[PDB]
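Asker: Compute the structure for the input listed below.
(one chain, ligands or ions: 2)
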Amino acid sequence: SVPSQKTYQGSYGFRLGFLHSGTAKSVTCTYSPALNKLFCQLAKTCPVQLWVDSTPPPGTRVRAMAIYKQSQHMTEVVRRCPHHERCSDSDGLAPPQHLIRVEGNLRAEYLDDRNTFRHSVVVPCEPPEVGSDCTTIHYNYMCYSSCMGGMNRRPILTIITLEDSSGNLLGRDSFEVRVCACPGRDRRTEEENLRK
Ligand SMILES: CN(C)Cc1ccc2c(c1)c1ccccc1n2CC(F)(F)F
Ligand SMILES: [Zn+2]
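Answerer: Numbering: from 1, shown residues only. Ligands and ions are numbered 1, 2, ... in the order given. What follows is the structure:
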């Protein structure tokens, strides 16, 4: 009733990477290593790098799923709020209830789990372009952390799983997410709180 969040590099040495975008007022997505937390604006591009030490088999896929971080909410499905699920902002592929979308990948598949009712989005795992050492997926988060009737100020984690063609686990990584109006200021504030 609760997906695992344990970091697991697996046989291929799977792990995530993030750009260094800074904390300027104007930044739209920024990652804090000290907090293991991504701060982003609503529906803006969030680049997430995928790194491996060795090449996984054809048919490997990469899935993203959100869960609530606090244990007393972790059995509740993370979904879009009653306003955003009805705002008709579909991209033609993502169900309107799903918080996490993949941008610019026509092979993305969206799952409503028939047993847990949790949402996820999965894409085929492709090698880097020539000249690149990693692959990048572009995610969008489609509600604010503050949305009433949805996340309602509760922190979430995103769990990224590397899976075989049957859906079996090959690797796992995760990060906290805050979707907010001013990610640069919020990252600075939370990093200073941590240091204090
Ligand atoms: C092995 N390093 C140095 C390069 C590298 C980095 C990421 C790579 C690959 C290769 C690669 C090859 C085939 C299929 C998917 C691949 N990916 C994405 C994945 F990390 F697995 F999510
Ligand atoms: Zn919302």
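Asker: near ligand 2, which residues of the chain?
Answerer: 81, 84, 143, 147, 150 (Cβ under 5 Å from the ion). No exception for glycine: its C-beta is placed from N, CA and C like everyone else's.
Asker: Go again with 8 Å.
Answerer: Counting by Cβ under 8 Å from the ion, the chain comes close to ligand 2 at 80-81, 83-85, 142-144, 147, 149-151.
Asker: Got a quick ChimeraX command for the buried subset of the residues you listed?
Answerer: Provided next is the ChimeraX selection string for whichever of the residues of the chain next to ligand 2 are buried by 16 or more other Cβ atoms under 10 Å:
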select :80,81,84,85,142,143,144,147,150,151
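Asker: need the residues of the chain next to ligand 2 in TSV with secondary structure and distance to residue 21, can you?
Answerer: Formatted as TSV, the entries for the residues of the chain next to ligand 2 read as follows, by DSSP: H, G, I helix; E, B strand; the rest coil; distance: Cβ to Cβ, whole Å:
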residue	secondary structure	distance to residue 21
80	coil	25
81	coil	26
83	coil	28
84	helix	25
85	helix	29
142	coil	20
143	coil	21
144	coil	19
147	coil	24
149	coil	30
150	coil	26
151	coil	23
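Asker: Touching, residue 38 and residue 28? I think so.
Answerer: No. In this structure residue 38 lies outside contact range of residue 28 using Cβ atoms under 8 Å: 11.4 Å.
Asker: and the lengthiest strand in the chain, how far from the chain's centre?
Answerer: As far as residue count goes, and with DSSP state E defining each element, the longest strand of the chain is strand 169-179. On the basis of Cα atoms, centre = their mean, to the nearest Å, strand 169-179 is displaced by 6 Å from the centre of the chain it belongs to.
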